[PDB]
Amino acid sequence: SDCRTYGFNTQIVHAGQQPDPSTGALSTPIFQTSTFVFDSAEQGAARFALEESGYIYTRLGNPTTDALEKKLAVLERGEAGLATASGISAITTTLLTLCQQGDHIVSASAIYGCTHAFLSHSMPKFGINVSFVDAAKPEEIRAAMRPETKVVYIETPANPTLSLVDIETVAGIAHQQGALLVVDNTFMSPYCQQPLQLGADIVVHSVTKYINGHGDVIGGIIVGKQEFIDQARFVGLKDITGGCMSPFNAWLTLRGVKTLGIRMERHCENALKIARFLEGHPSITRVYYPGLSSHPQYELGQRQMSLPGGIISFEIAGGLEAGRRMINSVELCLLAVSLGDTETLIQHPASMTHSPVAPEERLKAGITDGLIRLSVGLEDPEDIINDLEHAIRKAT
């Protein structure tokens, strides 16, 4: 009779949700409201004081959104959740809540581009300095820490080449120096990786990806201790970012997350097959996938992740032009940014996202002329493999 005691699939379906109390409606009602009516002046005061429970206004909280926040707290084994307008807003609400002028952050370099831009260009303009390191080398993390360091920030697997970061080891290091460890768990979902269980303090997601799963919501979520989440809600979100989630967005995300287990199983079963295919193809120079035993951090990945994920990166023979030929030749895979949708998505950062950026920053950045990123969907993998095989044969 407590959400937290059942099996993980049962939790994915039930945690945070129950039949509507007034009607018995099974689906979580969409509470698409701005405000909430009090029974009396007294009831109203009690709430605002934070001296009693219940709702006030949707920017502060909402019943639909609370369900999503509780569910994801359960799935990550955290105390509390807070939904946001976007994955970016989960990351910024978190870091702007934690940090102030004079503070320092140690961040992985191999992170999502927009996260990198916030940390590189915006944070320092608020007097918050960021040191970037290769987080696959925990010694670089240690060496960059300063007395001012409040936060160590990592993604794993990391967005270009799916390199990994040893969460338990990094956590120990951050904590030794009095810092918090923030892990962006977007690529894996709680079904595949649980950073809190390994020592992380706070997990953030873009729910836009696998947690929603259906390519129709932009949203984020933050999971952590109740004392942190309260500050993130009542200061970060309320005052600083304003990044509240729409109740309709939460409702969809709750709907999408119901099938998280079965989606992740299929995404990962499909991706392993595709990755093996790509590894045997004479036109493919490299394949980056945690499920291939040639992955340089293969055994860490086996300890830390329950499945190897739905994302594959790979380099095609012939560099830029061949990568451009390849992505213009797929008929099933869809050319787009984003990942974790039911559809297979493909992007060639060098001819697409990074064409005006110099060959030199790209390489610094882990991005070679022939690098393709593939988000594996729920189609028949034979169809995806055939589409790839055809596109690759043409391109090379």
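Position 1 is the first residue in the sequence shown; the rest follow in order.
Give the stretch, out of 63-71 and 36-44, with the larger mean C-alpha temperature factor in the deposited entry. It is 36-44.
Going by the average Cα B-factor in the PDB entry, point out whether 155-163 or 92-100 comes out higher. Between 92-100 and 155-163, it is 155-163 that shows the higher mean C-alpha B-factor.
With respect to the C-alpha temperature factors reported in the PDB entry, which of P296, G242, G87, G224 ranks highest? Highest CA B-factor of the listed options: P296.
Which of these has the highest Cα B-factor in the record: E148, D184, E269, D216? Across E148, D184, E269, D216, the entry lists the biggest C-alpha B-factor for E148.
Ranking every modelled residue in this chain by its Cα temperature factor as given in the entry, which third contains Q176? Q176: CA B-factor falls in the highest third of its chain.
Record-listed C-alpha B factor of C114: chain third: For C114, whose C-alpha B-factor we compare with every modelled residue in the chain, the answer is the highest third.
Among the modelled residues of its chain, does the C-alpha B-factor of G301 lie in the lowest, middle or highest third? For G301, whose C-alpha B-factor we compare with every modelled residue in the chain, the answer is the middle third.
Ranked C-alpha temperature factor of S53 among modelled chain residues, by third: For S53, the deposited C-alpha B-factor lands in the highest third.
Taking the entry's C-alpha B-factors for this chain, is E79 in the lowest, middle or highest third? Answer is middle: the recorded C-alpha B-factor places it there.
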